[PDB]
Each structure stands twice: as structure tokens, then as C-alpha cells.
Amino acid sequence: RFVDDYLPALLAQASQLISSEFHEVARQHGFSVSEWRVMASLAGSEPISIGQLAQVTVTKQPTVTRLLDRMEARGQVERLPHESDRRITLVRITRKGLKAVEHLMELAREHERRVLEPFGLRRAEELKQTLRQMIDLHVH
């Protein structure tokens, strides 16, 4: 059957199944999916643009802006002007947001280790390498 080997379908199914496993943990720790994606994407990062955040969190930019309105109100993130461009807003995690998400990030790493363990280090690194190359070739 067409769908059994069609790459976009395989990527989307694998992504949904693994992510839905971790979302149960995230919600048990008081996070929504979008809050978790934003804080995990910003943790240990320099400030990035709203558009970059939208791409890496796979969230539409108007949705991200509304999310940042409330996460900034809760002191978990901060928006800042671009040092040069008046049309670009940067965003960073605050210390409060980092402390809020650090434990969950450790649980995320453990869950990822469990997902990748049956494949071995070689196949795991090959998968991550291929995905990174694909993203860098298709990002706008």
C-alpha cells in the first residue's frame, strides 16, 4: 500500500506517537504542550526571533505571539527588541522559566533514551543526523 512506505506519513505517525507519550508526563507536571515546546526550545539558547521560535516549536506565528503574551505575563519568557532591526522581536527564557522546566527536560531526555535504546547508538545517531540535514534543507 502507498501509505505503508510514504515518508511524510511515516514521519508524522512516528512523531505523533512518541510525542503523545511524553505529553502525558508534561501535563502531569503542569505544562501544556505549547508551553513545554517554548520553554524547552529556549532553554540554554541565546535570544531568538519569534519566527525562529515558531519554526522550531512547529507553531503558527500568531499562536506563538498569543502564547508569549501569557508566558511573559507569568515571567517565564521575555521579549526584547532586535539590537538592529525594528521589525524583529527576540525572545528568551527567564531564570524562572528555566527552573520551571529543568526537571521536565531531564524526564524528556530519559524518555528519549528509552525510545532510542532498541535501535542502538549507531542507528540513533544516523536517524538524528538525517533529520537534522532534512530540516536544514527544507527550512525557509
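Sequential numbering from 1, following the sequence displayed.
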Practice task
Please report whether at least a third of the other compared entries leave residue 84 without coordinates.
Solution key: yes
Problem - Between 21-29 and 117-125 (mean CA B-factor, as deposited), the higher - result: 117-125
Completion exercise
Taking the deposited Cα B-factors and averaging over 43-51 and over 91-99, the higher mean is found in 43-51
Exercise for the section: Tell me which of 72, 112, 85, 35 tops the list for C-alpha B factor in the record. Expected result: 85
Problem - Selection by C-alpha B-factor (highest) of 67, 56, 108, 80 - result: 80
